[PDB]
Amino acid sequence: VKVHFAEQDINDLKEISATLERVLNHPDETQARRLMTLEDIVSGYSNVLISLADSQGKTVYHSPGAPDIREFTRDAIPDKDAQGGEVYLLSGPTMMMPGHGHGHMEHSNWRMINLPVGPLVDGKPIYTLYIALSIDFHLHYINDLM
């Protein structure tokens, strides 16, 4: 079941990465307009955090409602259950989930991927996008059995 859970998330992340890549390289729109559009889409997922990094490795944008996920990417553990690799496990940060009162499932465990995105300057992608998807529901199911 662990490999199945990894495949579920990888499918989701593949789709999310395609959507956000297209957003960040949408023709005839400024950076401001693209980041506004991206934030609205990311907010719509409700179980996703992102961070956008420049060529030096400085964060130009990250999602509200949580600390920058780049503060947890350097101690990310490679995911053993992801065949093909390039998927990482994050032990934080905790994401705020308002609107439901007390007892909502905690979102502080993630599967992470990253890819080059954004307009080319020149022929070369300016940004690197980090995408984190909550895996806490997976981890609670596994922990509750044992």
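So that there is no doubt, residue numbering starts at 1 and follows the sequence shown.
**Q** Higher mean Cα B-factor in the deposited model: 74 to 82 or 98 to 106?
**A** According to the PDB entry, the answer is 98 to 106.
**Q** Determine, for stretches 25 to 33 and 107 to 115, which one has the higher mean CA B-factor as deposited.
**A** Mean CA B-factor is higher for 25 to 33.
**Q** Which one of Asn47, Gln56, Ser91, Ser51 shows the top CA temperature factor in the record?
**A** The record points to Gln56.
**Q** Would the CA B-factor of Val87 place it in the lowest, middle or highest third of its chain?
**A** Middle third - that is where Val87 ends up once the chain's C-alpha B-factors are sorted.
**Q** Considering only modelled residues of the same chain, in which third does the CA B-factor of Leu139 rank: lowest, middle or highest?
**A** For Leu139, the deposited C-alpha B-factor lands in the middle third.
**Q** Per the entry's values, where does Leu120 land by CA temperature factor relative to the rest of its chain, in the lowest, middle or highest third?
**A** Its C-alpha B-factor, which the entry lists for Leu120, ranks in the highest third among residues of this chain.
**Q** Sort the modelled residues of this chain by their C-alpha B factor and say whether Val1 lands in the lowest, middle or highest third.
**A** CA B-factor rank for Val1: middle third.
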